[PDB]
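First up is the structure itself, then whatever we jot down about it.
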Amino acid sequence: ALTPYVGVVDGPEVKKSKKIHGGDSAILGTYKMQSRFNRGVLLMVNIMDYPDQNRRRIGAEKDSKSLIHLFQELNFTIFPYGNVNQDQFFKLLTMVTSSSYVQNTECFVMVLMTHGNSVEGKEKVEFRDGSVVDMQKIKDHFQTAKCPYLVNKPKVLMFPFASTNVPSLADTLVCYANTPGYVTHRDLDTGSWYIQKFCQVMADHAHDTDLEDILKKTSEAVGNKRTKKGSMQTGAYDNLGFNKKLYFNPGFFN
């Protein structure tokens with residue numbers, strides 16, 4: 001049932017690399033990003049319909065287009081989805097991470113766009129059916145045990161709209177659009193602005209700069225603006241043993 005996205009999508013110009021970037025810094029390594037058909041896999045899930053046409057995230061499809069366009073230029077294999085329930089979501093995820101596609105891919109990026117709740121000290125995520133799940137559940141899916149195919153591979157999990165301790169993640173980045181705000185640009189949401197700025201920054205710098213630099217640029221950018229510049233800055237991410245640089249080397253292979 002896995003259908004890689006195919007089709008022409010117009011969007012900003014994404015500068016291309018002219019070499020395989022390796023930081024040159026030398027001290028920290030670089031995730032391999034040089035294959036020509038297995039550069040990366042993107043799992044994009046944009047949920048935009050809930051119990052009633054009230055919380056309907058209008059303008060969300062605009063994000064799907066930006067992300068798809070951007071990752072097509074990064075030469076990723078893309079698996080995009082619309083509204084799905086808690087049960088469908090976890091089935092898709094498993095199907096994707098267990099896919100022959102991911103088995104040989106050099107990089108994995110998932111972007112889940114939905115509504116998020118902060119029940120107690122826990123963080124939850126909503127789906128089409130209105131149901132919720134501990135984001136922890138979602139992250140845990142990427143433990144080496146469950147994702148054999150991603151061990152030692154760059155994993156970027158993005159949620160733009162946010163003696164008995166179980167194992168931890170490695171080579172993983174968890175990105176958020178950290179803002180207790182939702183209305184922005186008179187007709188948008190903070191996550192959508194985060195996403196747009198992200199794609200813009202990716203488009204202009206992916207050819208030259210590693211992901212973590214881009215995320216800081218994204219966070220600085222989305223921050224310096226209106227209706228969300230109170231406690232200073234907005235974007236944020238967790239580095240879970242993501243100890244090497246991640247250059248996407250768009251448009252170039254070795």
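All residue names refer to the structure tokens as shown: chains lettered A, B, ... in order, residues numbered from 1 in each chain, ligands numbered from 1 in order.
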Secondary structure check, strand (DSSP E) residues of region 12-232 of chain A, as an MDAnalysis selection string: chainID A and resid 40:46 76:81 108:113 116:117 124:126 132:134 155:159 172:176
Could those selected residues go to a file with N, CA and C atoms, as an mmCIF file, in the first residue's frame?
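Done, and the output landed in again23.cif:
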```
data_model
loop_
_atom_site.group_PDB
_atom_site.id
_atom_site.type_symbol
_atom_site.label_atom_id
_atom_site.label_comp_id
_atom_site.auth_asym_id
_atom_site.auth_seq_id
_atom_site.Cartn_x
_atom_site.Cartn_y
_atom_site.Cartn_z
ATOM 1 N N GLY A 40 17.135 9.730 1.049
ATOM 2 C CA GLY A 40 16.303 9.820 2.234
ATOM 3 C C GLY A 40 14.847 9.437 2.051
ATOM 4 N N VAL A 41 14.179 9.174 3.170
ATOM 5 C CA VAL A 41 12.765 8.832 3.160
ATOM 6 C C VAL A 41 12.047 9.821 4.076
ATOM 7 N N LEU A 42 10.975 10.413 3.568
ATOM 8 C CA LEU A 42 10.184 11.351 4.344
ATOM 9 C C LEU A 42 8.793 10.791 4.577
ATOM 10 N N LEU A 43 8.396 10.724 5.839
ATOM 11 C CA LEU A 43 7.055 10.269 6.179
ATOM 12 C C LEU A 43 6.354 11.555 6.580
ATOM 13 N N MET A 44 5.424 12.017 5.750
ATOM 14 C CA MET A 44 4.710 13.248 6.050
ATOM 15 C C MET A 44 3.253 12.975 6.370
ATOM 16 N N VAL A 45 2.833 13.333 7.577
ATOM 17 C CA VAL A 45 1.452 13.129 7.988
ATOM 18 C C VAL A 45 0.830 14.469 8.404
ATOM 19 N N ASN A 46 -0.056 14.992 7.564
ATOM 20 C CA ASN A 46 -0.717 16.266 7.826
ATOM 21 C C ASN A 46 -2.199 16.037 8.153
ATOM 22 N N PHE A 76 14.391 12.817 -1.907
ATOM 23 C CA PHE A 76 13.889 11.853 -0.933
ATOM 24 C C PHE A 76 12.721 11.087 -1.527
ATOM 25 N N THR A 77 12.487 9.894 -0.997
ATOM 26 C CA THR A 77 11.349 9.094 -1.397
ATOM 27 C C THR A 77 10.314 9.570 -0.370
ATOM 28 N N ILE A 78 9.170 10.044 -0.849
ATOM 29 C CA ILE A 78 8.139 10.603 0.020
ATOM 30 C C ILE A 78 6.832 9.824 0.198
ATOM 31 N N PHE A 79 6.421 9.648 1.449
ATOM 32 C CA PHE A 79 5.170 8.953 1.770
ATOM 33 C C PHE A 79 4.285 9.946 2.530
ATOM 34 N N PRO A 80 3.413 10.658 1.798
ATOM 35 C CA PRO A 80 2.511 11.657 2.370
ATOM 36 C C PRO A 80 1.126 11.145 2.681
ATOM 37 N N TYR A 81 0.582 11.582 3.810
ATOM 38 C CA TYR A 81 -0.761 11.189 4.210
ATOM 39 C C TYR A 81 -1.558 12.369 4.752
ATOM 40 N N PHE A 108 16.272 9.360 7.526
ATOM 41 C CA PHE A 108 14.833 9.312 7.756
ATOM 42 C C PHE A 108 14.296 10.583 8.407
ATOM 43 N N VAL A 109 13.283 11.176 7.791
ATOM 44 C CA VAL A 109 12.662 12.377 8.333
ATOM 45 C C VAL A 109 11.159 12.179 8.378
ATOM 46 N N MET A 110 10.569 12.384 9.548
ATOM 47 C CA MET A 110 9.122 12.272 9.663
ATOM 48 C C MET A 110 8.610 13.636 10.095
ATOM 49 N N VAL A 111 7.534 14.094 9.464
ATOM 50 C CA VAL A 111 6.943 15.362 9.850
ATOM 51 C C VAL A 111 5.475 15.104 10.130
ATOM 52 N N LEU A 112 5.102 15.227 11.399
ATOM 53 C CA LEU A 112 3.726 15.018 11.817
ATOM 54 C C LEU A 112 3.135 16.372 12.155
ATOM 55 N N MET A 113 2.098 16.755 11.422
ATOM 56 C CA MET A 113 1.448 18.034 11.656
ATOM 57 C C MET A 113 0.020 17.825 12.125
ATOM 58 N N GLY A 116 -1.571 19.441 19.391
ATOM 59 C CA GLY A 116 -0.934 18.814 20.537
ATOM 60 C C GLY A 116 -1.473 19.302 21.869
ATOM 61 N N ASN A 117 -1.552 18.396 22.837
ATOM 62 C CA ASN A 117 -2.066 18.730 24.161
ATOM 63 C C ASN A 117 -1.021 18.408 25.235
ATOM 64 N N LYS A 124 0.761 14.983 24.532
ATOM 65 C CA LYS A 124 -0.047 14.129 23.672
ATOM 66 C C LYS A 124 -0.233 14.673 22.257
ATOM 67 N N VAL A 125 -0.701 13.809 21.362
ATOM 68 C CA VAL A 125 -0.923 14.186 19.973
ATOM 69 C C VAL A 125 -2.295 13.706 19.516
ATOM 70 N N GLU A 126 -3.039 14.587 18.850
ATOM 71 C CA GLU A 126 -4.379 14.269 18.346
ATOM 72 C C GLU A 126 -4.373 13.722 16.927
ATOM 73 N N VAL A 132 -6.019 10.505 21.273
ATOM 74 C CA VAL A 132 -4.716 11.038 21.649
ATOM 75 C C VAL A 132 -3.707 9.955 22.029
ATOM 76 N N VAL A 133 -2.424 10.312 21.984
ATOM 77 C CA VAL A 133 -1.342 9.384 22.308
ATOM 78 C C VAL A 133 -0.172 10.138 22.925
ATOM 79 N N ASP A 134 0.590 9.458 23.779
ATOM 80 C CA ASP A 134 1.763 10.066 24.395
ATOM 81 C C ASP A 134 2.810 10.190 23.301
ATOM 82 N N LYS A 155 18.059 10.324 12.059
ATOM 83 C CA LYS A 155 16.595 10.335 12.193
ATOM 84 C C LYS A 155 16.104 11.709 12.672
ATOM 85 N N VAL A 156 15.257 12.344 11.869
ATOM 86 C CA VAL A 156 14.731 13.664 12.196
ATOM 87 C C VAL A 156 13.228 13.574 12.365
ATOM 88 N N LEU A 157 12.763 13.694 13.606
ATOM 89 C CA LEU A 157 11.338 13.617 13.913
ATOM 90 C C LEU A 157 10.836 15.034 14.177
ATOM 91 N N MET A 158 9.921 15.514 13.339
ATOM 92 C CA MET A 158 9.410 16.878 13.467
ATOM 93 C C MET A 158 7.930 17.011 13.799
ATOM 94 N N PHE A 159 7.646 17.742 14.872
ATOM 95 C CA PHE A 159 6.279 17.991 15.316
ATOM 96 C C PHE A 159 6.100 19.505 15.419
ATOM 97 N N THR A 172 19.249 10.831 16.696
ATOM 98 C CA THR A 172 17.932 11.385 16.481
ATOM 99 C C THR A 172 17.768 12.841 16.894
ATOM 100 N N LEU A 173 17.009 13.578 16.097
ATOM 101 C CA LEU A 173 16.694 14.964 16.398
ATOM 102 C C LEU A 173 15.174 15.053 16.498
ATOM 103 N N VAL A 174 14.687 15.722 17.542
ATOM 104 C CA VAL A 174 13.255 15.919 17.714
ATOM 105 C C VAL A 174 13.062 17.421 17.659
ATOM 106 N N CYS A 175 12.372 17.876 16.619
ATOM 107 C CA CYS A 175 12.153 19.299 16.404
ATOM 108 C C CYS A 175 10.740 19.738 16.747
ATOM 109 N N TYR A 176 10.640 20.901 17.377
ATOM 110 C CA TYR A 176 9.360 21.458 17.794
ATOM 111 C C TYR A 176 9.266 22.914 17.359
#
```
For the contact check between region 180-223 of chain A and region 233-243 of chain A, emit one row per residue of region 180-223 of chain A within 8 Å, containing the shortest atom pair and the distance in Å rounded to one decimal, counting only C-alpha atoms, chain then rising number order, as CSV.
```
residue,atom,partner,partner_atom,distance
A:194,CA,A:235,CA,7.3
A:215,CA,A:235,CA,7.7
A:216,CA,A:235,CA,7.6
A:218,CA,A:235,CA,7.0
A:219,CA,A:235,CA,4.0
A:220,CA,A:233,CA,6.3
A:222,CA,A:234,CA,6.8
A:223,CA,A:233,CA,4.4
```
d(CA of residue 202 (chain A), CA of residue 249 (chain A)) in Å: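 Answer for the CA of residue 202 (chain A) to CA of residue 249 (chain A) separation: 11.2 Å.
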With only C-alpha atoms as the counted atoms, please give the residues lying no more than 9 Å from region 58-75 of chain A, apart from itself and same-chain residues fewer than 6 positions off, as a ChimeraX atom specification. /A:5,8-14,16,36-42,44-48,111,113,187-189,192,195-196,199-200,202-203,206,248-251
Could you save the residues just selected, with N, CA, C and O atoms, as a compact mmCIF listing (two decimals), in the first residue's frame?
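To be explicit, this is the file written out as again-v6.txt:
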```txt
# COMPACT_ATOMS: atom_id res chain seq x y z
N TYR A 5 5.34 9.17 -3.41
CA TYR A 5 4.75 10.30 -4.10
C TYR A 5 5.45 10.54 -5.43
O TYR A 5 6.68 10.53 -5.49
N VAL A 8 5.08 16.48 -10.47
CA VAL A 8 5.75 17.77 -10.49
C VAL A 8 5.11 18.70 -9.48
O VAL A 8 3.89 18.80 -9.40
N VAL A 9 5.94 19.38 -8.70
CA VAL A 9 5.46 20.32 -7.70
C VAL A 9 6.33 21.56 -7.80
O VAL A 9 7.55 21.48 -7.63
N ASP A 10 5.72 22.70 -8.09
CA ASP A 10 6.47 23.93 -8.20
C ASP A 10 6.70 24.49 -6.81
O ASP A 10 5.88 24.29 -5.91
N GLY A 11 7.81 25.18 -6.63
CA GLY A 11 8.13 25.76 -5.34
C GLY A 11 9.42 26.54 -5.47
O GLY A 11 10.04 26.51 -6.53
N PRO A 12 9.85 27.23 -4.41
CA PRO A 12 11.08 28.02 -4.42
C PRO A 12 12.24 27.23 -5.00
O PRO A 12 12.18 26.01 -5.09
N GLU A 13 13.29 27.93 -5.40
CA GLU A 13 14.46 27.28 -5.95
C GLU A 13 15.32 26.76 -4.81
O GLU A 13 15.63 27.50 -3.87
N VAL A 14 15.71 25.49 -4.89
CA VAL A 14 16.56 24.89 -3.88
C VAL A 14 17.97 24.79 -4.43
O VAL A 14 18.23 23.97 -5.31
N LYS A 16 21.66 23.74 -5.15
CA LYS A 16 22.23 22.40 -5.10
C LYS A 16 23.68 22.41 -4.66
O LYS A 16 24.39 23.39 -4.86
N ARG A 36 22.66 7.79 -4.80
CA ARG A 36 21.88 8.56 -5.76
C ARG A 36 20.39 8.28 -5.87
O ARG A 36 19.70 8.97 -6.61
N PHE A 37 19.88 7.30 -5.15
CA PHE A 37 18.45 7.03 -5.19
C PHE A 37 17.91 6.69 -3.80
O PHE A 37 16.71 6.50 -3.62
N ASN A 38 18.81 6.64 -2.83
CA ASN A 38 18.45 6.32 -1.46
C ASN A 38 18.88 7.42 -0.49
O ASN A 38 19.24 7.14 0.65
N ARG A 39 18.84 8.66 -0.95
CA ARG A 39 19.26 9.79 -0.13
C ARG A 39 18.45 9.93 1.15
O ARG A 39 19.00 10.20 2.21
N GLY A 40 17.13 9.73 1.05
CA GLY A 40 16.30 9.82 2.23
C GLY A 40 14.85 9.44 2.05
O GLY A 40 14.33 9.36 0.92
N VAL A 41 14.18 9.17 3.17
CA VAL A 41 12.76 8.83 3.16
C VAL A 41 12.05 9.82 4.08
O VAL A 41 12.46 10.05 5.22
N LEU A 42 10.97 10.41 3.57
CA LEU A 42 10.18 11.35 4.34
C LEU A 42 8.79 10.79 4.58
O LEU A 42 8.09 10.41 3.64
N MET A 44 5.42 12.02 5.75
CA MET A 44 4.71 13.25 6.05
C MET A 44 3.25 12.98 6.37
O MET A 44 2.52 12.45 5.54
N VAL A 45 2.83 13.33 7.58
CA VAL A 45 1.45 13.13 7.99
C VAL A 45 0.83 14.47 8.40
O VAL A 45 1.16 15.02 9.45
N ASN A 46 -0.06 14.99 7.56
CA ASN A 46 -0.72 16.27 7.83
C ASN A 46 -2.20 16.04 8.15
O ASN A 46 -3.02 15.88 7.25
N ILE A 47 -2.53 16.01 9.44
CA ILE A 47 -3.90 15.80 9.90
C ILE A 47 -4.60 17.17 9.94
O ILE A 47 -4.12 18.09 10.60
N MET A 48 -5.73 17.30 9.26
CA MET A 48 -6.40 18.59 9.26
C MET A 48 -7.90 18.58 9.50
O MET A 48 -8.56 19.60 9.31
N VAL A 111 7.53 14.09 9.46
CA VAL A 111 6.94 15.36 9.85
C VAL A 111 5.48 15.10 10.13
O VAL A 111 4.71 14.77 9.23
N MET A 113 2.10 16.75 11.42
CA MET A 113 1.45 18.03 11.66
C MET A 113 0.02 17.82 12.12
O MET A 113 -0.83 17.38 11.36
N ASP A 187 -3.37 35.07 9.37
CA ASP A 187 -4.07 33.92 8.79
C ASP A 187 -3.22 32.65 8.76
O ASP A 187 -3.15 31.97 7.73
N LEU A 188 -2.57 32.34 9.88
CA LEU A 188 -1.72 31.15 9.97
C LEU A 188 -1.48 30.73 11.42
O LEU A 188 -1.94 31.38 12.35
N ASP A 189 -0.75 29.63 11.58
CA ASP A 189 -0.42 29.09 12.89
C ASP A 189 1.10 29.12 13.06
O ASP A 189 1.84 29.22 12.08
N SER A 192 2.93 26.30 11.21
CA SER A 192 2.92 26.54 9.77
C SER A 192 4.00 27.55 9.41
O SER A 192 4.64 27.44 8.36
N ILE A 195 7.30 25.72 9.80
CA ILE A 195 7.48 24.90 8.61
C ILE A 195 7.88 25.70 7.38
O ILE A 195 8.80 25.32 6.66
N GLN A 196 7.19 26.81 7.14
CA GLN A 196 7.50 27.63 5.98
C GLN A 196 8.92 28.18 6.06
O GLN A 196 9.68 28.09 5.09
N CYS A 199 11.45 25.42 5.38
CA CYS A 199 11.62 25.11 3.97
C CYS A 199 12.38 26.23 3.27
O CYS A 199 13.19 25.96 2.37
N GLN A 200 12.13 27.47 3.67
CA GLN A 200 12.83 28.59 3.05
C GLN A 200 14.32 28.47 3.34
O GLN A 200 15.14 28.52 2.42
N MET A 202 15.95 25.85 4.35
CA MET A 202 16.47 24.64 3.75
C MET A 202 16.79 24.94 2.28
O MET A 202 17.88 24.62 1.80
N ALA A 203 15.85 25.56 1.58
CA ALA A 203 16.02 25.89 0.17
C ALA A 203 17.26 26.73 -0.11
O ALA A 203 17.95 26.49 -1.10
N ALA A 206 20.58 24.37 2.47
CA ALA A 206 20.82 22.93 2.52
C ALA A 206 22.05 22.50 1.70
O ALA A 206 22.72 21.52 2.03
N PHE A 248 22.75 17.56 3.64
CA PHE A 248 21.84 16.90 2.72
C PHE A 248 22.41 16.74 1.31
O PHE A 248 21.93 15.91 0.53
N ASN A 249 23.45 17.52 1.00
CA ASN A 249 24.09 17.49 -0.32
C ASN A 249 23.03 17.40 -1.41
O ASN A 249 23.10 16.54 -2.30
N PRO A 250 22.05 18.30 -1.39
CA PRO A 250 21.03 18.19 -2.44
C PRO A 250 21.58 18.33 -3.85
O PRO A 250 22.42 19.18 -4.13
N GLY A 251 21.10 17.46 -4.74
CA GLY A 251 21.52 17.49 -6.13
C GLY A 251 22.92 17.00 -6.44
O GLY A 251 23.43 17.27 -7.52
```
Nearest residue to residue 31 (chain A) from the set A:128, A:245, A:185, A:228 (distances using only C-alpha atoms):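 For residue 31 (chain A), the nearest of the given residues is A:245.
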Which residues, written as an NGL selection string, have at least one atom at most 10 Å from region 139-142 of chain A, with only C-alpha atoms counted and residues fewer than 2 positions away on the same chain left out? :A and (90 or 93-94 or 97 or 134-137 or 144-151 or 155 or 157 or 166-170 or 172 or 174)
Writing out the chosen residues with C-alpha atoms as a PDB file, in the first residue's frame:
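Printed below is selection_22.pdb as written:
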```pdb
ATOM      1  CA  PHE A  90       1.003   3.541  13.935  1.00  0.00           C
ATOM      2  CA  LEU A  93       4.701   4.221  10.627  1.00  0.00           C
ATOM      3  CA  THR A  94       5.568   0.561  11.062  1.00  0.00           C
ATOM      4  CA  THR A  97      10.104   1.959   8.937  1.00  0.00           C
ATOM      5  CA  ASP A 134       1.763  10.066  24.395  1.00  0.00           C
ATOM      6  CA  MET A 135       4.331  11.561  22.054  1.00  0.00           C
ATOM      7  CA  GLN A 136       6.682   9.344  24.021  1.00  0.00           C
ATOM      8  CA  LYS A 137       4.921   6.396  22.376  1.00  0.00           C
ATOM      9  CA  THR A 144      16.852   0.201  17.757  1.00  0.00           C
ATOM     10  CA  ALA A 145      14.724  -2.833  18.595  1.00  0.00           C
ATOM     11  CA  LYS A 146      11.741  -1.606  16.584  1.00  0.00           C
ATOM     12  CA  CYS A 147      13.693   0.174  13.844  1.00  0.00           C
ATOM     13  CA  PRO A 148      16.566  -2.151  12.900  1.00  0.00           C
ATOM     14  CA  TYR A 149      16.810  -0.321   9.571  1.00  0.00           C
ATOM     15  CA  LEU A 150      17.567   3.042  11.217  1.00  0.00           C
ATOM     16  CA  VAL A 151      20.311   2.012  13.647  1.00  0.00           C
ATOM     17  CA  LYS A 155      16.595  10.335  12.193  1.00  0.00           C
ATOM     18  CA  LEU A 157      11.338  13.617  13.913  1.00  0.00           C
ATOM     19  CA  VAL A 166      13.397   1.598  28.781  1.00  0.00           C
ATOM     20  CA  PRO A 167      16.272   2.227  26.277  1.00  0.00           C
ATOM     21  CA  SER A 168      17.081   5.578  24.666  1.00  0.00           C
ATOM     22  CA  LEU A 169      17.278   6.904  21.103  1.00  0.00           C
ATOM     23  CA  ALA A 170      20.428   7.537  19.103  1.00  0.00           C
ATOM     24  CA  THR A 172      17.932  11.385  16.481  1.00  0.00           C
ATOM     25  CA  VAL A 174      13.255  15.919  17.714  1.00  0.00           C
TER      26      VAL A 174
END
```
Could you state the separation of CA of residue 130 (chain A) and CA of residue 2 (chain A) in Å, given to one decimal place?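 Interatomic distance, CA of residue 130 (chain A) to CA of residue 2 (chain A): 24.6 Å.
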Mind giving me the straight-line distance from CA of residue 183 (chain A) to CA of residue 227 (chain A) in Å, one decimal?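 Value for the CA of residue 183 (chain A)-CA of residue 227 (chain A) distance: 7.6 Å.
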Proximity to residue 86 (chain A) - best of A:102, A:138, A:55, A:164, only C-alpha atoms: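 So, comparing all the options, the nearest one is A:138.
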Taking only C-alpha atoms into account, which of A:224, A:114, A:107, A:162 comes nearest residue 129 (chain A)? A:114
Give me the residues near residue 20 (chain A) as a ChimeraX atom specification, where near means some atom within 9 Å (using only C-alpha atoms) and where sequence neighbours in that chain fewer than 3 positions away do not count. /A:17,33-34,247-249,252-254
Those of region 62-121 of chain A in DSSP helix (DSSP H, G or I), formatted as a ChimeraX atom specification: /A:62-73,86-97,100-103
Write the selection just made, keeping C-alpha atoms, as an mmCIF file, in the first residue's frame?
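part.cif, freshly written:
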```
data_model
loop_
_atom_site.group_PDB
_atom_site.id
_atom_site.type_symbol
_atom_site.label_atom_id
_atom_site.label_comp_id
_atom_site.auth_asym_id
_atom_site.auth_seq_id
_atom_site.Cartn_x
_atom_site.Cartn_y
_atom_site.Cartn_z
ATOM 1 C CA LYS A 62 0.083 24.775 2.013
ATOM 2 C CA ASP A 63 2.604 23.075 4.291
ATOM 3 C CA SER A 64 2.257 19.692 2.599
ATOM 4 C CA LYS A 65 3.150 21.350 -0.709
ATOM 5 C CA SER A 66 6.198 23.110 0.715
ATOM 6 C CA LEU A 67 7.527 19.977 2.408
ATOM 7 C CA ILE A 68 6.904 17.766 -0.614
ATOM 8 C CA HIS A 69 8.509 20.262 -2.968
ATOM 9 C CA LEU A 70 11.549 20.686 -0.701
ATOM 10 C CA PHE A 71 12.139 16.976 -0.234
ATOM 11 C CA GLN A 72 11.691 16.178 -3.919
ATOM 12 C CA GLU A 73 14.610 18.528 -4.536
ATOM 13 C CA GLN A 86 -4.335 6.674 16.109
ATOM 14 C CA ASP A 87 -4.586 3.128 14.789
ATOM 15 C CA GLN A 88 -3.842 3.952 11.152
ATOM 16 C CA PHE A 89 -0.956 6.221 12.101
ATOM 17 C CA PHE A 90 1.003 3.541 13.935
ATOM 18 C CA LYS A 91 0.344 1.055 11.168
ATOM 19 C CA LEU A 92 1.671 3.433 8.503
ATOM 20 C CA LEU A 93 4.701 4.221 10.627
ATOM 21 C CA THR A 94 5.568 0.561 11.062
ATOM 22 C CA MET A 95 4.987 -0.184 7.388
ATOM 23 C CA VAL A 96 7.302 2.659 6.466
ATOM 24 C CA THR A 97 10.104 1.959 8.937
ATOM 25 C CA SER A 100 12.568 -2.047 1.846
ATOM 26 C CA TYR A 101 12.786 1.694 1.121
ATOM 27 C CA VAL A 102 13.940 2.624 4.603
ATOM 28 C CA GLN A 103 16.137 -0.463 4.828
#
```
Which one of A:190, A:153, A:217, A:105 sits closest to residue 35 (chain A) if you count only C-alpha atoms? A:105
